[PDB]
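Pasting final.cif here (mmCIF, N, CA and C atoms):
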data_start
#
loop_
_atom_site.group_PDB
_atom_site.id
_atom_site.type_symbol
_atom_site.label_atom_id
_atom_site.label_comp_id
_atom_site.auth_asym_id
_atom_site.auth_seq_id
_atom_site.Cartn_x
_atom_site.Cartn_y
_atom_site.Cartn_z
ATOM 1 N N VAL Y 1 -21.083 45.273 -1.455
ATOM 2 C CA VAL Y 1 -19.641 44.912 -1.596
ATOM 3 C C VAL Y 1 -19.217 45.076 -3.067
ATOM 4 N N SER Y 2 -19.393 46.289 -3.539
ATOM 5 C CA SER Y 2 -19.050 46.673 -4.948
ATOM 6 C C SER Y 2 -17.760 46.020 -5.447
ATOM 7 N N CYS Y 3 -17.878 45.348 -6.567
ATOM 8 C CA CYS Y 3 -16.676 44.667 -7.154
ATOM 9 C C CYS Y 3 -16.412 45.253 -8.548
ATOM 10 N N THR Y 4 -15.425 44.733 -9.241
ATOM 11 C CA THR Y 4 -15.116 45.263 -10.610
ATOM 12 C C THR Y 4 -15.286 44.191 -11.690
ATOM 13 N N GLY Y 5 -14.752 43.031 -11.419
ATOM 14 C CA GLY Y 5 -14.844 41.893 -12.388
ATOM 15 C C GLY Y 5 -15.013 40.551 -11.678
ATOM 16 N N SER Y 6 -15.070 39.513 -12.477
ATOM 17 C CA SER Y 6 -15.228 38.128 -11.933
ATOM 18 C C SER Y 6 -14.024 37.887 -11.008
ATOM 19 N N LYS Y 7 -12.860 38.102 -11.571
ATOM 20 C CA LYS Y 7 -11.559 37.933 -10.843
ATOM 21 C C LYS Y 7 -11.601 38.673 -9.496
ATOM 22 N N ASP Y 8 -12.287 39.788 -9.495
ATOM 23 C CA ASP Y 8 -12.410 40.604 -8.250
ATOM 24 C C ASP Y 8 -13.309 39.813 -7.288
ATOM 25 N N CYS Y 9 -14.391 39.332 -7.846
ATOM 26 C CA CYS Y 9 -15.395 38.530 -7.076
ATOM 27 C C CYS Y 9 -14.867 37.124 -6.686
ATOM 28 N N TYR Y 10 -13.729 36.754 -7.230
ATOM 29 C CA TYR Y 10 -13.094 35.420 -6.935
ATOM 30 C C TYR Y 10 -12.544 35.362 -5.501
ATOM 31 N N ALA Y 11 -12.024 36.474 -5.047
ATOM 32 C CA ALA Y 11 -11.455 36.546 -3.664
ATOM 33 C C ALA Y 11 -12.540 36.366 -2.571
ATOM 34 N N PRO Y 12 -13.668 37.046 -2.672
ATOM 35 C CA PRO Y 12 -14.778 36.920 -1.692
ATOM 36 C C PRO Y 12 -15.363 35.545 -1.990
ATOM 37 N N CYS Y 13 -15.580 35.263 -3.257
ATOM 38 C CA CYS Y 13 -16.145 33.909 -3.660
ATOM 39 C C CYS Y 13 -15.492 32.786 -2.844
ATOM 40 N N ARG Y 14 -14.200 32.809 -3.010
ATOM 41 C CA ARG Y 14 -13.276 31.847 -2.344
ATOM 42 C C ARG Y 14 -13.456 31.924 -0.824
ATOM 43 N N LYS Y 15 -13.170 33.092 -0.307
ATOM 44 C CA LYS Y 15 -13.281 33.372 1.158
ATOM 45 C C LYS Y 15 -14.573 32.803 1.778
ATOM 46 N N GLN Y 16 -15.654 33.028 1.076
ATOM 47 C CA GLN Y 16 -16.998 32.565 1.517
ATOM 48 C C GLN Y 16 -17.139 31.050 1.416
ATOM 49 N N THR Y 17 -17.150 30.613 0.184
ATOM 50 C CA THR Y 17 -17.297 29.185 -0.155
ATOM 51 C C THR Y 17 -16.259 28.582 -1.110
ATOM 52 N N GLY Y 18 -16.059 29.219 -2.237
ATOM 53 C CA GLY Y 18 -15.078 28.699 -3.238
ATOM 54 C C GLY Y 18 -15.887 28.262 -4.452
ATOM 55 N N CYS Y 19 -16.420 29.251 -5.120
ATOM 56 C CA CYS Y 19 -17.250 29.013 -6.339
ATOM 57 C C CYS Y 19 -16.310 28.683 -7.524
ATOM 58 N N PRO Y 20 -16.771 27.916 -8.492
ATOM 59 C CA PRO Y 20 -15.999 27.639 -9.741
ATOM 60 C C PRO Y 20 -15.636 28.963 -10.426
ATOM 61 N N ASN Y 21 -16.670 29.659 -10.818
ATOM 62 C CA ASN Y 21 -16.551 30.968 -11.494
ATOM 63 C C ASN Y 21 -17.467 31.931 -10.740
ATOM 64 N N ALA Y 22 -17.256 33.206 -10.933
ATOM 65 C CA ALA Y 22 -18.102 34.223 -10.238
ATOM 66 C C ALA Y 22 -18.582 35.290 -11.221
ATOM 67 N N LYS Y 23 -19.563 36.035 -10.781
ATOM 68 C CA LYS Y 23 -20.141 37.131 -11.620
ATOM 69 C C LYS Y 23 -19.980 38.391 -10.763
ATOM 70 N N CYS Y 24 -19.778 39.522 -11.392
ATOM 71 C CA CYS Y 24 -19.610 40.790 -10.612
ATOM 72 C C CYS Y 24 -20.435 42.006 -11.050
ATOM 73 N N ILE Y 25 -20.756 42.802 -10.055
ATOM 74 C CA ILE Y 25 -21.540 44.051 -10.218
ATOM 75 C C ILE Y 25 -20.773 45.170 -9.468
ATOM 76 N N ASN Y 26 -20.866 46.381 -9.967
ATOM 77 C CA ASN Y 26 -20.155 47.521 -9.304
ATOM 78 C C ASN Y 26 -20.950 48.023 -8.086
ATOM 79 N N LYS Y 27 -21.787 47.131 -7.632
ATOM 80 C CA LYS Y 27 -22.692 47.282 -6.478
ATOM 81 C C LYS Y 27 -22.302 46.181 -5.480
ATOM 82 N N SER Y 28 -22.108 45.001 -6.025
ATOM 83 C CA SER Y 28 -21.733 43.808 -5.205
ATOM 84 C C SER Y 28 -21.215 42.671 -6.084
ATOM 85 N N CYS Y 29 -20.779 41.638 -5.417
ATOM 86 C CA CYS Y 29 -20.245 40.434 -6.095
ATOM 87 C C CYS Y 29 -21.259 39.299 -6.002
ATOM 88 N N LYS Y 30 -21.154 38.419 -6.959
ATOM 89 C CA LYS Y 30 -22.061 37.233 -7.053
ATOM 90 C C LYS Y 30 -21.241 35.937 -7.126
ATOM 91 N N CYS Y 31 -21.640 35.012 -6.292
ATOM 92 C CA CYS Y 31 -20.987 33.672 -6.190
ATOM 93 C C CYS Y 31 -21.856 32.616 -6.870
ATOM 94 N N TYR Y 32 -21.249 31.485 -7.122
ATOM 95 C CA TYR Y 32 -21.931 30.361 -7.764
ATOM 96 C C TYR Y 32 -22.006 29.297 -6.702
ATOM 97 N N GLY Y 33 -20.898 28.646 -6.504
ATOM 98 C CA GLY Y 33 -20.734 27.585 -5.515
ATOM 99 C C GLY Y 33 -21.813 27.534 -4.426
ATOM 100 N N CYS Y 34 -21.661 28.502 -3.551
ATOM 101 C CA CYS Y 34 -22.534 28.766 -2.358
ATOM 102 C C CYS Y 34 -23.866 27.990 -2.307
#
I need this file expressed as structure tokens, please.
Amino acid sequence: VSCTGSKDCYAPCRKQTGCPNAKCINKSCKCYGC
């Protein structure tokens, strides 16, 4: 699920669980919360 930035990863982050902040890779997104 290739993303671009944290802000990009915020939408899936949220959708999934709702992490405080997120980390992103141009391969996939990374959540915290979860």
task = Determine the residue membership of the PyMOL selection byres (((chain Y and resi 28 and name CA) around 8) and name CA) for the file above and supply it as a PyMOL selection string.
result = chain Y and resi 1-3+24-27+29-30
May I have the selected residues written with N, CA and C atoms, as a PDB file, in the coordinates of the input?
ATOM      1  N   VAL Y   1     -21.083  45.273  -1.455  1.00  0.00           N
ATOM      2  CA  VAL Y   1     -19.641  44.912  -1.596  1.00  0.00           C
ATOM      3  C   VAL Y   1     -19.217  45.076  -3.067  1.00  0.00           C
ATOM      4  N   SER Y   2     -19.393  46.289  -3.539  1.00  0.00           N
ATOM      5  CA  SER Y   2     -19.050  46.673  -4.948  1.00  0.00           C
ATOM      6  C   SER Y   2     -17.760  46.020  -5.447  1.00  0.00           C
ATOM      7  N   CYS Y   3     -17.878  45.348  -6.567  1.00  0.00           N
ATOM      8  CA  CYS Y   3     -16.676  44.667  -7.154  1.00  0.00           C
ATOM      9  C   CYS Y   3     -16.412  45.253  -8.548  1.00  0.00           C
ATOM     10  N   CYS Y  24     -19.778  39.522 -11.392  1.00  0.00           N
ATOM     11  CA  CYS Y  24     -19.610  40.790 -10.612  1.00  0.00           C
ATOM     12  C   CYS Y  24     -20.435  42.006 -11.050  1.00  0.00           C
ATOM     13  N   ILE Y  25     -20.756  42.802 -10.055  1.00  0.00           N
ATOM     14  CA  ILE Y  25     -21.540  44.051 -10.218  1.00  0.00           C
ATOM     15  C   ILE Y  25     -20.773  45.170  -9.468  1.00  0.00           C
ATOM     16  N   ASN Y  26     -20.866  46.381  -9.967  1.00  0.00           N
ATOM     17  CA  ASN Y  26     -20.155  47.521  -9.304  1.00  0.00           C
ATOM     18  C   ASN Y  26     -20.950  48.023  -8.086  1.00  0.00           C
ATOM     19  N   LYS Y  27     -21.787  47.131  -7.632  1.00  0.00           N
ATOM     20  CA  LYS Y  27     -22.692  47.282  -6.478  1.00  0.00           C
ATOM     21  C   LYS Y  27     -22.302  46.181  -5.480  1.00  0.00           C
ATOM     22  N   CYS Y  29     -20.779  41.638  -5.417  1.00  0.00           N
ATOM     23  CA  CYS Y  29     -20.245  40.434  -6.095  1.00  0.00           C
ATOM     24  C   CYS Y  29     -21.259  39.299  -6.002  1.00  0.00           C
ATOM     25  N   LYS Y  30     -21.154  38.419  -6.959  1.00  0.00           N
ATOM     26  CA  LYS Y  30     -22.061  37.233  -7.053  1.00  0.00           C
ATOM     27  C   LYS Y  30     -21.241  35.937  -7.126  1.00  0.00           C
TER      28      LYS Y  30
END
task = Run DSSP on the backbone and grab whatever in chain Y lands in strand (DSSP E); send it over as JSON, numbers by chain.
result = {"Y": [23, 24, 29, 30]}
task = Kindly resolve the PyMOL selection byres ((chain Y and resi 33) around 8) on the present coordinates and return the residues as a PyMOL selection string.
result = chain Y and resi 13+17-22+30-32+34
request  = Just list the residues in chain Y DSSP gives alpha helix (DSSP H) on the backbone, as a ChimeraX atom specification.
outcome  = /Y:6-16
Take the selection from the previous step and output its residues with N, CA and C atoms, as a PDB file, keeping the file's coordinate frame.
ATOM      1  N   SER Y   6     -15.070  39.513 -12.477  1.00  0.00           N
ATOM      2  CA  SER Y   6     -15.228  38.128 -11.933  1.00  0.00           C
ATOM      3  C   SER Y   6     -14.024  37.887 -11.008  1.00  0.00           C
ATOM      4  N   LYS Y   7     -12.860  38.102 -11.571  1.00  0.00           N
ATOM      5  CA  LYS Y   7     -11.559  37.933 -10.843  1.00  0.00           C
ATOM      6  C   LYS Y   7     -11.601  38.673  -9.496  1.00  0.00           C
ATOM      7  N   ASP Y   8     -12.287  39.788  -9.495  1.00  0.00           N
ATOM      8  CA  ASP Y   8     -12.410  40.604  -8.250  1.00  0.00           C
ATOM      9  C   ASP Y   8     -13.309  39.813  -7.288  1.00  0.00           C
ATOM     10  N   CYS Y   9     -14.391  39.332  -7.846  1.00  0.00           N
ATOM     11  CA  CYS Y   9     -15.395  38.530  -7.076  1.00  0.00           C
ATOM     12  C   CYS Y   9     -14.867  37.124  -6.686  1.00  0.00           C
ATOM     13  N   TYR Y  10     -13.729  36.754  -7.230  1.00  0.00           N
ATOM     14  CA  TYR Y  10     -13.094  35.420  -6.935  1.00  0.00           C
ATOM     15  C   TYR Y  10     -12.544  35.362  -5.501  1.00  0.00           C
ATOM     16  N   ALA Y  11     -12.024  36.474  -5.047  1.00  0.00           N
ATOM     17  CA  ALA Y  11     -11.455  36.546  -3.664  1.00  0.00           C
ATOM     18  C   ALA Y  11     -12.540  36.366  -2.571  1.00  0.00           C
ATOM     19  N   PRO Y  12     -13.668  37.046  -2.672  1.00  0.00           N
ATOM     20  CA  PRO Y  12     -14.778  36.920  -1.692  1.00  0.00           C
ATOM     21  C   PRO Y  12     -15.363  35.545  -1.990  1.00  0.00           C
ATOM     22  N   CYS Y  13     -15.580  35.263  -3.257  1.00  0.00           N
ATOM     23  CA  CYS Y  13     -16.145  33.909  -3.660  1.00  0.00           C
ATOM     24  C   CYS Y  13     -15.492  32.786  -2.844  1.00  0.00           C
ATOM     25  N   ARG Y  14     -14.200  32.809  -3.010  1.00  0.00           N
ATOM     26  CA  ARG Y  14     -13.276  31.847  -2.344  1.00  0.00           C
ATOM     27  C   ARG Y  14     -13.456  31.924  -0.824  1.00  0.00           C
ATOM     28  N   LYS Y  15     -13.170  33.092  -0.307  1.00  0.00           N
ATOM     29  CA  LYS Y  15     -13.281  33.372   1.158  1.00  0.00           C
ATOM     30  C   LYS Y  15     -14.573  32.803   1.778  1.00  0.00           C
ATOM     31  N   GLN Y  16     -15.654  33.028   1.076  1.00  0.00           N
ATOM     32  CA  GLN Y  16     -16.998  32.565   1.517  1.00  0.00           C
ATOM     33  C   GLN Y  16     -17.139  31.050   1.416  1.00  0.00           C
TER      34      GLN Y  16
END
request  = Check what the PyMOL selection byres ((chain Y and resi 7) around 8) selects in the file above and give those residues as a PyMOL selection string.
outcome  = chain Y and resi 4-6+8-12+21-24
Segment 10-33 of chain Y rebuilt with N, CA, C and O atoms, output as a PDB file, keeping the file's coordinate frame:
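Output file result_10.pdb follows:
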ATOM      1  N   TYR Y  10     -13.729  36.754  -7.230  1.00  0.00           N
ATOM      2  CA  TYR Y  10     -13.094  35.420  -6.935  1.00  0.00           C
ATOM      3  C   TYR Y  10     -12.544  35.362  -5.501  1.00  0.00           C
ATOM      4  O   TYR Y  10     -12.598  34.331  -4.861  1.00  0.00           O
ATOM      5  N   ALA Y  11     -12.024  36.474  -5.047  1.00  0.00           N
ATOM      6  CA  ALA Y  11     -11.455  36.546  -3.664  1.00  0.00           C
ATOM      7  C   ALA Y  11     -12.540  36.366  -2.571  1.00  0.00           C
ATOM      8  O   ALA Y  11     -12.323  35.596  -1.653  1.00  0.00           O
ATOM      9  N   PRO Y  12     -13.668  37.046  -2.672  1.00  0.00           N
ATOM     10  CA  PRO Y  12     -14.778  36.920  -1.692  1.00  0.00           C
ATOM     11  C   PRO Y  12     -15.363  35.545  -1.990  1.00  0.00           C
ATOM     12  O   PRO Y  12     -15.606  34.798  -1.070  1.00  0.00           O
ATOM     13  N   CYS Y  13     -15.580  35.263  -3.257  1.00  0.00           N
ATOM     14  CA  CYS Y  13     -16.145  33.909  -3.660  1.00  0.00           C
ATOM     15  C   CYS Y  13     -15.492  32.786  -2.844  1.00  0.00           C
ATOM     16  O   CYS Y  13     -16.120  32.000  -2.158  1.00  0.00           O
ATOM     17  N   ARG Y  14     -14.200  32.809  -3.010  1.00  0.00           N
ATOM     18  CA  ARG Y  14     -13.276  31.847  -2.344  1.00  0.00           C
ATOM     19  C   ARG Y  14     -13.456  31.924  -0.824  1.00  0.00           C
ATOM     20  O   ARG Y  14     -13.835  30.955  -0.195  1.00  0.00           O
ATOM     21  N   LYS Y  15     -13.170  33.092  -0.307  1.00  0.00           N
ATOM     22  CA  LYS Y  15     -13.281  33.372   1.158  1.00  0.00           C
ATOM     23  C   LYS Y  15     -14.573  32.803   1.778  1.00  0.00           C
ATOM     24  O   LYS Y  15     -14.552  32.199   2.833  1.00  0.00           O
ATOM     25  N   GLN Y  16     -15.654  33.028   1.076  1.00  0.00           N
ATOM     26  CA  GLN Y  16     -16.998  32.565   1.517  1.00  0.00           C
ATOM     27  C   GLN Y  16     -17.139  31.050   1.416  1.00  0.00           C
ATOM     28  O   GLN Y  16     -17.225  30.353   2.408  1.00  0.00           O
ATOM     29  N   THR Y  17     -17.150  30.613   0.184  1.00  0.00           N
ATOM     30  CA  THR Y  17     -17.297  29.185  -0.155  1.00  0.00           C
ATOM     31  C   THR Y  17     -16.259  28.582  -1.110  1.00  0.00           C
ATOM     32  O   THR Y  17     -15.675  27.562  -0.798  1.00  0.00           O
ATOM     33  N   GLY Y  18     -16.059  29.219  -2.237  1.00  0.00           N
ATOM     34  CA  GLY Y  18     -15.078  28.699  -3.238  1.00  0.00           C
ATOM     35  C   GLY Y  18     -15.887  28.262  -4.452  1.00  0.00           C
ATOM     36  O   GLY Y  18     -16.007  27.087  -4.744  1.00  0.00           O
ATOM     37  N   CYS Y  19     -16.420  29.251  -5.120  1.00  0.00           N
ATOM     38  CA  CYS Y  19     -17.250  29.013  -6.339  1.00  0.00           C
ATOM     39  C   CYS Y  19     -16.310  28.683  -7.524  1.00  0.00           C
ATOM     40  O   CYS Y  19     -15.182  29.139  -7.528  1.00  0.00           O
ATOM     41  N   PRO Y  20     -16.771  27.916  -8.492  1.00  0.00           N
ATOM     42  CA  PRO Y  20     -15.999  27.639  -9.741  1.00  0.00           C
ATOM     43  C   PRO Y  20     -15.636  28.963 -10.426  1.00  0.00           C
ATOM     44  O   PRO Y  20     -14.477  29.302 -10.574  1.00  0.00           O
ATOM     45  N   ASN Y  21     -16.670  29.659 -10.818  1.00  0.00           N
ATOM     46  CA  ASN Y  21     -16.551  30.968 -11.494  1.00  0.00           C
ATOM     47  C   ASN Y  21     -17.467  31.931 -10.740  1.00  0.00           C
ATOM     48  O   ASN Y  21     -18.334  31.497 -10.009  1.00  0.00           O
ATOM     49  N   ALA Y  22     -17.256  33.206 -10.933  1.00  0.00           N
ATOM     50  CA  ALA Y  22     -18.102  34.223 -10.238  1.00  0.00           C
ATOM     51  C   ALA Y  22     -18.582  35.290 -11.221  1.00  0.00           C
ATOM     52  O   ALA Y  22     -18.072  35.407 -12.319  1.00  0.00           O
ATOM     53  N   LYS Y  23     -19.563  36.035 -10.781  1.00  0.00           N
ATOM     54  CA  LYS Y  23     -20.141  37.131 -11.620  1.00  0.00           C
ATOM     55  C   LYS Y  23     -19.980  38.391 -10.763  1.00  0.00           C
ATOM     56  O   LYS Y  23     -20.039  38.302  -9.553  1.00  0.00           O
ATOM     57  N   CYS Y  24     -19.778  39.522 -11.392  1.00  0.00           N
ATOM     58  CA  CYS Y  24     -19.610  40.790 -10.612  1.00  0.00           C
ATOM     59  C   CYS Y  24     -20.435  42.006 -11.050  1.00  0.00           C
ATOM     60  O   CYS Y  24     -20.745  42.179 -12.213  1.00  0.00           O
ATOM     61  N   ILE Y  25     -20.756  42.802 -10.055  1.00  0.00           N
ATOM     62  CA  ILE Y  25     -21.540  44.051 -10.218  1.00  0.00           C
ATOM     63  C   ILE Y  25     -20.773  45.170  -9.468  1.00  0.00           C
ATOM     64  O   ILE Y  25     -20.141  44.927  -8.452  1.00  0.00           O
ATOM     65  N   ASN Y  26     -20.866  46.381  -9.967  1.00  0.00           N
ATOM     66  CA  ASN Y  26     -20.155  47.521  -9.304  1.00  0.00           C
ATOM     67  C   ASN Y  26     -20.950  48.023  -8.086  1.00  0.00           C
ATOM     68  O   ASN Y  26     -20.788  49.135  -7.622  1.00  0.00           O
ATOM     69  N   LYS Y  27     -21.787  47.131  -7.632  1.00  0.00           N
ATOM     70  CA  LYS Y  27     -22.692  47.282  -6.478  1.00  0.00           C
ATOM     71  C   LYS Y  27     -22.302  46.181  -5.480  1.00  0.00           C
ATOM     72  O   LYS Y  27     -22.193  46.420  -4.292  1.00  0.00           O
ATOM     73  N   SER Y  28     -22.108  45.001  -6.025  1.00  0.00           N
ATOM     74  CA  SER Y  28     -21.733  43.808  -5.205  1.00  0.00           C
ATOM     75  C   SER Y  28     -21.215  42.671  -6.084  1.00  0.00           C
ATOM     76  O   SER Y  28     -21.225  42.750  -7.295  1.00  0.00           O
ATOM     77  N   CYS Y  29     -20.779  41.638  -5.417  1.00  0.00           N
ATOM     78  CA  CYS Y  29     -20.245  40.434  -6.095  1.00  0.00           C
ATOM     79  C   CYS Y  29     -21.259  39.299  -6.002  1.00  0.00           C
ATOM     80  O   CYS Y  29     -22.075  39.253  -5.102  1.00  0.00           O
ATOM     81  N   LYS Y  30     -21.154  38.419  -6.959  1.00  0.00           N
ATOM     82  CA  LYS Y  30     -22.061  37.233  -7.053  1.00  0.00           C
ATOM     83  C   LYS Y  30     -21.241  35.937  -7.126  1.00  0.00           C
ATOM     84  O   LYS Y  30     -20.318  35.818  -7.912  1.00  0.00           O
ATOM     85  N   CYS Y  31     -21.640  35.012  -6.292  1.00  0.00           N
ATOM     86  CA  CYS Y  31     -20.987  33.672  -6.190  1.00  0.00           C
ATOM     87  C   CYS Y  31     -21.856  32.616  -6.870  1.00  0.00           C
ATOM     88  O   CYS Y  31     -23.019  32.841  -7.142  1.00  0.00           O
ATOM     89  N   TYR Y  32     -21.249  31.485  -7.122  1.00  0.00           N
ATOM     90  CA  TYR Y  32     -21.931  30.361  -7.764  1.00  0.00           C
ATOM     91  C   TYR Y  32     -22.006  29.297  -6.702  1.00  0.00           C
ATOM     92  O   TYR Y  32     -23.056  29.108  -6.118  1.00  0.00           O
ATOM     93  N   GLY Y  33     -20.898  28.646  -6.504  1.00  0.00           N
ATOM     94  CA  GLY Y  33     -20.734  27.585  -5.515  1.00  0.00           C
ATOM     95  C   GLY Y  33     -21.813  27.534  -4.426  1.00  0.00           C
ATOM     96  O   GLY Y  33     -22.676  26.680  -4.424  1.00  0.00           O
TER      97      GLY Y  33
END
